[PDB]
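The structure appears right after this line, and notes come after that.
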Protein chains: 2
Amino acid sequence: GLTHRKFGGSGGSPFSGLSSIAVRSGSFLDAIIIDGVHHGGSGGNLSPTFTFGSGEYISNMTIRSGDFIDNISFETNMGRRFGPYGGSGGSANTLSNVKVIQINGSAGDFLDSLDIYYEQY
Amino acid sequence: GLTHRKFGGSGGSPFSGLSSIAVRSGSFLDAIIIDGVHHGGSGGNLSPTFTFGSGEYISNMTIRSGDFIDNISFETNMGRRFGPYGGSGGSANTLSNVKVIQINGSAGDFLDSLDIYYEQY
Ligand SMILES: OC[C@H]1O[C@H](O)[C@@H](O)[C@@H](O)[C@@H]1O
Ligand SMILES: OC[C@H]1O[C@H](O)[C@@H](O)[C@@H](O)[C@@H]1O
Ligand SMILES: OC[C@H]1O[C@H](O)[C@@H](O)[C@@H](O)[C@@H]1O
Ligand SMILES: OC[C@H]1O[C@H](O)[C@@H](O)[C@@H](O)[C@@H]1O
């Protein structure tokens with residue numbers, strides 16, 4: 001039942017509600033920072049903030065996952081990369097040739113889970 | 001081609017990448033504030049910030065739209081309301097019995113357009 005609708009005119013500079021991503025990472029992802037909002041704990045080391053340009057979106061992803069999120073790395077449609085950040089635990093999963101719309105999940109002292117909404121090309 | 005995939009375990013507190021919404025509003029929406037990130041101009045009056053709780057999402061929307069976004073108002077699945085903020089220009093459109101996933105769009109000195117990704121129930 002997923003879809004989208006457009007409202008408004010044709011002007012302005014296109015933006016995404018998913019506008020910037022950073023992480024706190026050690027052996028796991030202690031937190032994911034979405035638009036400067038903290039989602040996780042206080043451990044780990046804070047990575048620099050990746051800010052999407054207008055029309056730039058996540059196109060490729062590799063996630064290492066177990067009971068928590070062990071590692072994350074992604075690439076945008078304009079050739080920019082983020083990570084890999086995290087450890088070697090968990091199991092690997094990938095998203096390829098996509099347009100990531102939204103990054104949700106659950107977090108505590110660590111980043112427990114991620115729910116990525118995306119268009120598959 | 002829209003879908004989603006889950007990674008990780010079952011712990012933690014669920015969050016949304018669309019975690020808070022505020023607006024600058026006059027006769028139009030001068031800006032929409034998503035997770036504290038400014039999308040629009042400096043005119044209008046800054047509304048208070050609406051922060052979603054865990055498991056709370058936008059379920060109903062009314063948007064007044066023309067060349068720009070004239071007005072916005074929404075209600076969550078837990079009975080909370082936001083707005084209406086803005087003017088009486090444009091034409092009215094609605095989203096009903098949905099779960100809003102992501103709010104994108106384009107902005108300049110005003111909020112030009114909105115692209116709402118949502119699940120229709
Ligand atoms: O990522 C989990 C954990 O990994 C390492 O042990 C350190 O960086 C910690 O600070 C961090 O919390
Ligand atoms: O994030 C890992 C872990 O952190 C905290 O201990 C709690 O919030 C747990 O519910 C969560 O699973
Ligand atoms: O919303 C457009 C415009 O509406 C009103 O005229 C005032 O509140 C302005 O400050 C605002 O920029
Ligand atoms: O936001 C309304 C208007 O604001 C500015 O003048 C520019 O960014 C325009 O492209 C945009 O359409």
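Lettering and numbering for the structure tokens are positional, with chains as A, B, ... in the shown order, residues counted from 1 in each chain, and ligands counted from 1 in the shown order.
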
Q: For residue 11 of chain B, work out the shell of residues within 10 Å, counting only C-alpha atoms and skipping chain neighbours fewer than 6 positions away, then give it as a VMD selection string.
A: chain A and resid 67 to 68 106 to 108 110 to 113

Please return the superposed copy of chain B as a compact mmCIF listing (two decimals) with N, CA, C and O atoms, in the first residue's frame; the fit should be least squares onto chain A across all sequentially paired Cα atoms.
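To be explicit, this is the file written out as result_20.txt:
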```txt
# COMPACT_ATOMS: atom_id res chain seq x y z
N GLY B 1 0.80 -1.21 0.00
CA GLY B 1 0.00 0.00 0.00
C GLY B 1 0.84 1.26 0.00
O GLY B 1 0.33 2.35 0.27
N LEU B 2 2.12 1.12 -0.32
CA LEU B 2 3.03 2.26 -0.33
C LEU B 2 2.93 3.01 -1.65
O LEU B 2 2.88 2.41 -2.73
N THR B 3 2.89 4.34 -1.55
CA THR B 3 2.78 5.22 -2.71
C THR B 3 3.24 6.61 -2.28
O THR B 3 3.78 6.79 -1.18
N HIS B 4 3.04 7.60 -3.15
CA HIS B 4 3.36 8.98 -2.81
C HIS B 4 2.51 9.92 -3.66
O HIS B 4 2.02 9.55 -4.73
N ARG B 5 2.35 11.14 -3.16
CA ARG B 5 1.57 12.17 -3.84
C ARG B 5 2.31 13.49 -3.77
O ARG B 5 2.94 13.80 -2.75
N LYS B 6 2.23 14.27 -4.84
CA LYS B 6 2.89 15.56 -4.90
C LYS B 6 1.86 16.68 -4.75
O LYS B 6 0.76 16.61 -5.29
N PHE B 7 2.25 17.71 -4.00
CA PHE B 7 1.45 18.91 -3.83
C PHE B 7 2.35 20.12 -4.06
O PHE B 7 3.54 20.09 -3.75
N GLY B 8 1.77 21.18 -4.60
CA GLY B 8 2.49 22.42 -4.81
C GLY B 8 2.87 22.66 -6.25
O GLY B 8 2.37 22.02 -7.19
N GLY B 9 3.79 23.60 -6.43
CA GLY B 9 4.23 24.03 -7.74
C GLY B 9 5.55 23.41 -8.15
O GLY B 9 5.99 22.38 -7.62
N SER B 10 6.21 24.06 -9.11
CA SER B 10 7.41 23.53 -9.73
C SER B 10 8.69 24.24 -9.30
O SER B 10 9.77 23.85 -9.74
N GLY B 11 8.60 25.27 -8.46
CA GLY B 11 9.76 26.04 -8.08
C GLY B 11 10.53 25.42 -6.94
O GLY B 11 10.25 24.33 -6.45
N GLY B 12 11.56 26.16 -6.50
CA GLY B 12 12.33 25.78 -5.33
C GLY B 12 13.39 24.73 -5.62
O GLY B 12 13.55 24.24 -6.74
N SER B 13 14.14 24.41 -4.57
CA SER B 13 15.20 23.41 -4.64
C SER B 13 14.76 22.14 -3.94
O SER B 13 14.48 22.16 -2.73
N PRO B 14 14.73 21.01 -4.66
CA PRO B 14 14.25 19.76 -4.05
C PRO B 14 15.11 19.32 -2.88
O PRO B 14 16.34 19.38 -2.93
N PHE B 15 14.45 18.89 -1.81
CA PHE B 15 15.10 18.38 -0.62
C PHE B 15 14.48 17.05 -0.24
O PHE B 15 13.39 16.70 -0.70
N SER B 16 15.17 16.32 0.62
CA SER B 16 14.67 15.08 1.19
C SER B 16 14.52 15.23 2.70
O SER B 16 15.35 15.86 3.36
N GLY B 17 13.45 14.64 3.25
CA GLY B 17 13.32 14.57 4.69
C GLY B 17 14.44 13.81 5.36
O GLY B 17 14.68 13.99 6.55
N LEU B 18 15.12 12.95 4.61
CA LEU B 18 16.35 12.29 5.04
C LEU B 18 17.50 13.11 4.48
O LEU B 18 18.01 12.84 3.38
N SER B 19 17.92 14.14 5.22
CA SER B 19 18.84 15.14 4.70
C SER B 19 20.28 14.96 5.15
O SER B 19 21.18 15.47 4.47
N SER B 20 20.53 14.27 6.26
CA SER B 20 21.90 14.06 6.70
C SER B 20 21.97 12.81 7.58
O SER B 20 20.99 12.45 8.24
N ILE B 21 23.13 12.16 7.56
CA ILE B 21 23.34 10.91 8.28
C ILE B 21 24.72 10.92 8.91
O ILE B 21 25.72 11.18 8.23
N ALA B 22 24.78 10.64 10.21
CA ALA B 22 26.03 10.34 10.90
C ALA B 22 25.78 9.16 11.83
O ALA B 22 24.63 8.75 12.04
N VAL B 23 26.86 8.60 12.37
CA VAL B 23 26.75 7.45 13.25
C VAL B 23 27.78 7.55 14.37
O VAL B 23 28.83 8.17 14.21
N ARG B 24 27.45 6.94 15.50
CA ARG B 24 28.43 6.60 16.52
C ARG B 24 28.73 5.11 16.39
O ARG B 24 27.81 4.29 16.44
N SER B 25 30.00 4.77 16.20
CA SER B 25 30.35 3.40 15.86
C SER B 25 31.56 2.94 16.66
O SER B 25 32.53 3.69 16.85
N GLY B 26 31.48 1.70 17.13
CA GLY B 26 32.59 0.97 17.70
C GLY B 26 32.59 -0.41 17.10
O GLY B 26 32.67 -0.56 15.87
N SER B 27 32.52 -1.44 17.94
CA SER B 27 32.22 -2.78 17.44
C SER B 27 30.81 -2.87 16.86
O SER B 27 30.56 -3.75 16.03
N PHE B 28 29.90 -1.99 17.27
CA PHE B 28 28.57 -1.93 16.68
C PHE B 28 28.26 -0.52 16.20
O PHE B 28 29.14 0.35 16.19
N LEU B 29 27.01 -0.28 15.80
CA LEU B 29 26.50 1.07 15.63
C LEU B 29 25.85 1.48 16.94
O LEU B 29 24.73 1.05 17.26
N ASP B 30 26.56 2.29 17.73
CA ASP B 30 25.99 2.77 18.98
C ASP B 30 24.78 3.67 18.74
O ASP B 30 23.88 3.75 19.58
N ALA B 31 24.75 4.34 17.59
CA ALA B 31 23.65 5.24 17.25
C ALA B 31 23.73 5.58 15.77
O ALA B 31 24.80 5.48 15.15
N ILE B 32 22.59 5.96 15.21
CA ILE B 32 22.52 6.58 13.90
C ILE B 32 21.96 7.98 14.08
O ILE B 32 20.99 8.18 14.82
N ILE B 33 22.60 8.96 13.45
CA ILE B 33 22.22 10.36 13.58
C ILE B 33 21.52 10.77 12.29
O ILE B 33 22.16 10.90 11.24
N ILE B 34 20.21 10.96 12.37
CA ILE B 34 19.39 11.33 11.22
C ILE B 34 18.97 12.79 11.39
O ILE B 34 18.24 13.12 12.33
N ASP B 35 19.43 13.64 10.47
CA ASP B 35 19.15 15.08 10.52
C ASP B 35 19.55 15.68 11.87
O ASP B 35 18.86 16.53 12.43
N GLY B 36 20.69 15.23 12.39
CA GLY B 36 21.16 15.68 13.68
C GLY B 36 20.45 15.10 14.88
O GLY B 36 20.83 15.41 16.01
N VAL B 37 19.43 14.27 14.67
CA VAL B 37 18.67 13.68 15.76
C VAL B 37 19.34 12.38 16.19
O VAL B 37 19.64 11.52 15.35
N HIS B 38 19.55 12.23 17.49
CA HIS B 38 20.25 11.07 18.03
C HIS B 38 19.30 9.89 18.15
O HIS B 38 18.21 10.01 18.71
N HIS B 39 19.73 8.74 17.63
CA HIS B 39 18.97 7.49 17.72
C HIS B 39 19.94 6.39 18.17
O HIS B 39 20.52 5.70 17.33
N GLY B 40 20.09 6.24 19.47
CA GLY B 40 20.99 5.25 20.02
C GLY B 40 21.62 5.76 21.30
O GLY B 40 21.11 6.68 21.94
N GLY B 41 22.75 5.15 21.65
CA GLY B 41 23.43 5.43 22.90
C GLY B 41 24.57 6.41 22.75
O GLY B 41 24.74 7.07 21.73
N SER B 42 25.38 6.49 23.81
CA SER B 42 26.46 7.47 23.90
C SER B 42 27.84 6.87 23.68
O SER B 42 28.83 7.60 23.69
N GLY B 43 27.94 5.55 23.49
CA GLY B 43 29.21 4.92 23.22
C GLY B 43 29.66 5.14 21.79
O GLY B 43 28.98 5.75 20.97
N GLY B 44 30.86 4.62 21.50
CA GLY B 44 31.40 4.69 20.16
C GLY B 44 31.98 6.05 19.82
O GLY B 44 32.04 6.97 20.64
N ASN B 45 32.41 6.17 18.57
CA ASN B 45 33.03 7.38 18.05
C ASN B 45 32.11 8.01 17.01
O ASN B 45 31.59 7.31 16.13
N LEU B 46 31.93 9.32 17.10
CA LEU B 46 31.03 10.04 16.21
C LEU B 46 31.69 10.24 14.85
O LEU B 46 32.75 10.88 14.76
N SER B 47 31.08 9.70 13.80
CA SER B 47 31.55 9.92 12.45
C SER B 47 31.16 11.31 11.96
O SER B 47 30.25 11.93 12.50
N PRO B 48 31.86 11.83 10.95
CA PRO B 48 31.43 13.10 10.34
C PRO B 48 30.06 12.96 9.69
O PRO B 48 29.62 11.86 9.34
N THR B 49 29.39 14.09 9.53
CA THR B 49 28.03 14.12 9.01
C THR B 49 28.05 14.13 7.49
O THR B 49 28.75 14.94 6.87
N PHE B 50 27.28 13.23 6.88
CA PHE B 50 27.10 13.18 5.44
C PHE B 50 25.78 13.86 5.10
O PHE B 50 24.72 13.41 5.53
N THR B 51 25.85 14.94 4.33
CA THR B 51 24.68 15.71 3.94
C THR B 51 24.41 15.50 2.45
O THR B 51 25.29 15.75 1.62
N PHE B 52 23.21 15.03 2.13
CA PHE B 52 22.83 14.82 0.74
C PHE B 52 22.65 16.14 0.02
O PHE B 52 22.09 17.10 0.56
N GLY B 53 23.13 16.20 -1.22
CA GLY B 53 22.81 17.32 -2.08
C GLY B 53 21.43 17.19 -2.67
O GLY B 53 20.74 16.18 -2.51
N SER B 54 21.01 18.23 -3.38
CA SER B 54 19.71 18.22 -4.03
C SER B 54 19.71 17.19 -5.16
O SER B 54 20.54 17.28 -6.07
N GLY B 55 18.81 16.22 -5.08
CA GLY B 55 18.76 15.14 -6.05
C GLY B 55 19.67 13.97 -5.75
O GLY B 55 19.68 13.00 -6.52
N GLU B 56 20.43 14.02 -4.66
CA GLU B 56 21.32 12.94 -4.27
C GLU B 56 20.63 12.07 -3.23
O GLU B 56 20.07 12.58 -2.26
N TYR B 57 20.68 10.75 -3.43
CA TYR B 57 20.03 9.80 -2.55
C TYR B 57 20.87 8.54 -2.45
O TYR B 57 21.74 8.29 -3.28
N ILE B 58 20.59 7.74 -1.42
CA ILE B 58 21.28 6.47 -1.25
C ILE B 58 20.85 5.50 -2.34
O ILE B 58 19.66 5.24 -2.52
N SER B 59 21.83 4.97 -3.07
CA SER B 59 21.56 4.02 -4.14
C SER B 59 22.02 2.60 -3.84
O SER B 59 21.48 1.66 -4.42
N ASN B 60 23.01 2.43 -2.96
CA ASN B 60 23.55 1.13 -2.62
C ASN B 60 23.78 1.08 -1.12
O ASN B 60 24.13 2.09 -0.52
N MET B 61 23.59 -0.10 -0.52
CA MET B 61 23.78 -0.25 0.91
C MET B 61 24.34 -1.64 1.21
O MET B 61 24.03 -2.61 0.53
N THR B 62 25.17 -1.70 2.25
CA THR B 62 25.60 -2.96 2.85
C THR B 62 25.45 -2.83 4.36
O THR B 62 26.07 -1.95 4.97
N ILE B 63 24.64 -3.70 4.96
CA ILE B 63 24.34 -3.65 6.38
C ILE B 63 24.71 -4.99 7.01
O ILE B 63 24.29 -6.04 6.52
N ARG B 64 25.49 -4.93 8.08
CA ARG B 64 25.80 -6.10 8.89
C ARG B 64 24.90 -6.08 10.12
O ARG B 64 24.89 -5.11 10.88
N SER B 65 24.14 -7.16 10.32
CA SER B 65 23.04 -7.15 11.26
C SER B 65 22.95 -8.46 12.03
O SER B 65 23.13 -9.55 11.47
N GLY B 66 22.67 -8.35 13.33
CA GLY B 66 22.38 -9.47 14.20
C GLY B 66 21.24 -9.11 15.14
O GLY B 66 20.16 -8.75 14.68
N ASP B 67 21.47 -9.24 16.45
CA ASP B 67 20.54 -8.63 17.40
C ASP B 67 20.58 -7.11 17.34
O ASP B 67 19.61 -6.46 17.75
N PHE B 68 21.68 -6.54 16.85
CA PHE B 68 21.84 -5.11 16.67
C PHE B 68 22.33 -4.85 15.25
O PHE B 68 22.44 -5.77 14.43
N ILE B 69 22.63 -3.59 14.95
CA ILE B 69 23.25 -3.21 13.69
C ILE B 69 24.76 -3.13 13.92
O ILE B 69 25.23 -2.27 14.66
N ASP B 70 25.51 -4.04 13.30
CA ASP B 70 26.95 -4.09 13.53
C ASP B 70 27.72 -3.13 12.65
O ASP B 70 28.77 -2.63 13.05
N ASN B 71 27.22 -2.85 11.45
CA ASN B 71 27.98 -2.09 10.47
C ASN B 71 27.03 -1.50 9.45
O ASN B 71 25.96 -2.05 9.18
N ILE B 72 27.44 -0.37 8.88
CA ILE B 72 26.68 0.25 7.80
C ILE B 72 27.65 0.87 6.81
O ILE B 72 28.73 1.34 7.18
N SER B 73 27.27 0.85 5.54
CA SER B 73 27.98 1.55 4.48
C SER B 73 27.01 1.76 3.33
O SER B 73 26.20 0.88 3.05
N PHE B 74 27.10 2.92 2.68
CA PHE B 74 26.21 3.17 1.56
C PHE B 74 26.92 4.04 0.53
O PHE B 74 27.95 4.67 0.81
N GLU B 75 26.36 4.05 -0.67
CA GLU B 75 26.83 4.87 -1.78
C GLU B 75 25.63 5.58 -2.39
O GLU B 75 24.53 5.02 -2.46
N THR B 76 25.84 6.82 -2.83
CA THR B 76 24.78 7.62 -3.41
C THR B 76 24.79 7.52 -4.93
O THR B 76 25.73 7.02 -5.55
N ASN B 77 23.70 8.01 -5.54
CA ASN B 77 23.59 8.00 -7.00
C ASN B 77 24.61 8.90 -7.67
O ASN B 77 24.77 8.82 -8.89
N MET B 78 25.31 9.75 -6.91
CA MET B 78 26.33 10.63 -7.45
C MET B 78 27.74 10.22 -7.01
O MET B 78 28.64 11.05 -6.91
N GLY B 79 27.93 8.93 -6.73
CA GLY B 79 29.25 8.37 -6.53
C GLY B 79 29.88 8.59 -5.18
O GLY B 79 31.03 8.18 -4.98
N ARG B 80 29.18 9.20 -4.23
CA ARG B 80 29.73 9.43 -2.91
C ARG B 80 29.45 8.24 -1.99
O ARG B 80 28.40 7.60 -2.09
N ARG B 81 30.39 7.96 -1.10
CA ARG B 81 30.32 6.82 -0.21
C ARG B 81 30.34 7.27 1.24
O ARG B 81 30.87 8.33 1.58
N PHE B 82 29.75 6.44 2.10
CA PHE B 82 29.70 6.67 3.53
C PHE B 82 30.05 5.37 4.24
O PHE B 82 29.44 4.33 3.97
N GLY B 83 31.04 5.42 5.12
CA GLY B 83 31.51 4.24 5.81
C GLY B 83 32.46 3.43 4.95
O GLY B 83 33.06 3.94 4.00
N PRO B 84 32.60 2.13 5.26
CA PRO B 84 31.91 1.37 6.31
C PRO B 84 32.27 1.80 7.74
O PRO B 84 33.42 2.11 8.03
N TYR B 85 31.26 1.83 8.61
CA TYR B 85 31.44 2.15 10.02
C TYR B 85 30.88 1.00 10.85
O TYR B 85 29.76 0.54 10.59
N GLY B 86 31.64 0.55 11.83
CA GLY B 86 31.18 -0.49 12.72
C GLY B 86 32.11 -1.68 12.81
O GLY B 86 33.30 -1.58 12.49
N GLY B 87 31.58 -2.83 13.24
CA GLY B 87 32.35 -4.02 13.44
C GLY B 87 32.09 -5.09 12.39
O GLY B 87 31.43 -4.86 11.38
N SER B 88 32.64 -6.27 12.66
CA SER B 88 32.56 -7.40 11.74
C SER B 88 31.51 -8.43 12.16
O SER B 88 31.34 -9.43 11.45
N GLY B 89 30.82 -8.22 13.27
CA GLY B 89 29.79 -9.13 13.71
C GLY B 89 28.56 -9.09 12.82
O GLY B 89 28.47 -8.34 11.85
N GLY B 90 27.59 -9.92 13.18
CA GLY B 90 26.36 -10.00 12.42
C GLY B 90 26.56 -10.67 11.07
O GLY B 90 27.59 -11.27 10.77
N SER B 91 25.52 -10.55 10.24
CA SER B 91 25.52 -11.08 8.89
C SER B 91 25.25 -9.96 7.90
O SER B 91 24.56 -8.99 8.21
N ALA B 92 25.81 -10.10 6.70
CA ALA B 92 25.75 -9.06 5.69
C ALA B 92 24.45 -9.13 4.89
O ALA B 92 23.98 -10.22 4.54
N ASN B 93 23.89 -7.96 4.60
CA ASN B 93 22.76 -7.81 3.69
C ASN B 93 23.00 -6.58 2.84
O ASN B 93 23.73 -5.66 3.23
N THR B 94 22.39 -6.55 1.65
CA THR B 94 22.66 -5.49 0.69
C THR B 94 21.37 -4.96 0.08
O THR B 94 20.38 -5.68 -0.07
N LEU B 95 21.40 -3.67 -0.26
CA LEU B 95 20.43 -3.03 -1.14
C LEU B 95 21.19 -2.49 -2.34
O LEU B 95 22.22 -1.81 -2.17
N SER B 96 20.71 -2.78 -3.54
CA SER B 96 21.42 -2.42 -4.75
C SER B 96 20.47 -1.82 -5.77
O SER B 96 19.35 -2.31 -5.96
N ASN B 97 20.93 -0.76 -6.43
CA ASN B 97 20.17 -0.04 -7.46
C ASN B 97 18.80 0.37 -6.93
O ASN B 97 17.75 -0.04 -7.45
N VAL B 98 18.82 1.18 -5.88
CA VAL B 98 17.61 1.62 -5.21
C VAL B 98 17.64 3.14 -5.05
O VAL B 98 18.62 3.80 -5.39
N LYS B 99 16.53 3.68 -4.55
CA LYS B 99 16.47 5.06 -4.08
C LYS B 99 15.86 5.02 -2.68
O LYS B 99 14.66 4.82 -2.53
N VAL B 100 16.70 5.23 -1.66
CA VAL B 100 16.24 5.14 -0.28
C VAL B 100 15.36 6.34 0.03
O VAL B 100 15.75 7.50 -0.18
N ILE B 101 14.15 6.07 0.53
CA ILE B 101 13.20 7.13 0.85
C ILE B 101 13.28 7.52 2.31
O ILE B 101 13.27 8.71 2.64
N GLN B 102 13.36 6.55 3.21
CA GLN B 102 13.28 6.81 4.64
C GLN B 102 14.06 5.75 5.40
O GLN B 102 14.09 4.58 5.01
N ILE B 103 14.67 6.17 6.51
CA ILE B 103 15.40 5.28 7.40
C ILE B 103 14.74 5.36 8.77
O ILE B 103 14.87 6.38 9.47
N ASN B 104 14.02 4.31 9.15
CA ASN B 104 13.47 4.16 10.49
C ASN B 104 14.19 3.02 11.21
O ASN B 104 15.12 2.42 10.68
N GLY B 105 13.75 2.74 12.43
CA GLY B 105 14.32 1.64 13.19
C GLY B 105 13.98 1.77 14.66
O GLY B 105 13.07 2.51 15.04
N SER B 106 14.74 1.04 15.47
CA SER B 106 14.60 1.07 16.92
C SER B 106 15.99 1.15 17.54
O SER B 106 16.94 0.56 17.02
N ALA B 107 16.09 1.87 18.66
CA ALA B 107 17.40 2.10 19.27
C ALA B 107 17.27 2.16 20.78
O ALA B 107 16.24 2.56 21.32
N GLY B 108 18.35 1.76 21.45
CA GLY B 108 18.49 1.85 22.89
C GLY B 108 19.86 2.42 23.21
O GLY B 108 20.18 3.53 22.78
N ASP B 109 20.66 1.69 23.98
CA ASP B 109 22.07 2.03 24.09
C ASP B 109 22.83 1.74 22.80
O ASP B 109 23.90 2.31 22.58
N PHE B 110 22.30 0.87 21.95
CA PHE B 110 22.81 0.62 20.61
C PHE B 110 21.72 0.93 19.59
O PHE B 110 20.58 1.24 19.93
N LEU B 111 22.10 0.84 18.31
CA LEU B 111 21.12 0.84 17.23
C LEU B 111 20.64 -0.59 17.03
O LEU B 111 21.37 -1.43 16.49
N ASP B 112 19.42 -0.88 17.47
CA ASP B 112 18.93 -2.25 17.50
C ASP B 112 18.53 -2.73 16.11
O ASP B 112 18.91 -3.83 15.69
N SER B 113 17.77 -1.92 15.37
CA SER B 113 17.25 -2.36 14.09
C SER B 113 17.09 -1.16 13.17
O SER B 113 17.08 0.00 13.61
N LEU B 114 16.96 -1.45 11.87
CA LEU B 114 16.73 -0.44 10.85
C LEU B 114 15.61 -0.90 9.93
O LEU B 114 15.52 -2.09 9.59
N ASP B 115 14.76 0.04 9.53
CA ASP B 115 13.67 -0.23 8.59
C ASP B 115 13.80 0.78 7.45
O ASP B 115 13.41 1.94 7.59
N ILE B 116 14.37 0.34 6.33
CA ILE B 116 14.69 1.21 5.21
C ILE B 116 13.57 1.12 4.19
O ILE B 116 13.29 0.04 3.65
N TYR B 117 12.94 2.25 3.91
CA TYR B 117 11.93 2.35 2.86
C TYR B 117 12.59 2.90 1.60
O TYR B 117 13.28 3.93 1.66
N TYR B 118 12.40 2.21 0.48
CA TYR B 118 13.15 2.52 -0.73
C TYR B 118 12.37 2.07 -1.95
O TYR B 118 11.52 1.18 -1.89
N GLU B 119 12.68 2.70 -3.08
CA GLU B 119 12.20 2.25 -4.38
C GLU B 119 13.25 1.36 -5.02
O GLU B 119 14.42 1.74 -5.13
N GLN B 120 12.84 0.17 -5.44
CA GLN B 120 13.72 -0.77 -6.12
C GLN B 120 13.69 -0.51 -7.62
O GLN B 120 12.61 -0.54 -8.23
N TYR B 121 14.85 -0.25 -8.20
CA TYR B 121 14.95 -0.03 -9.64
C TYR B 121 15.26 -1.34 -10.37
O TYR B 121 15.63 -2.33 -9.74
```
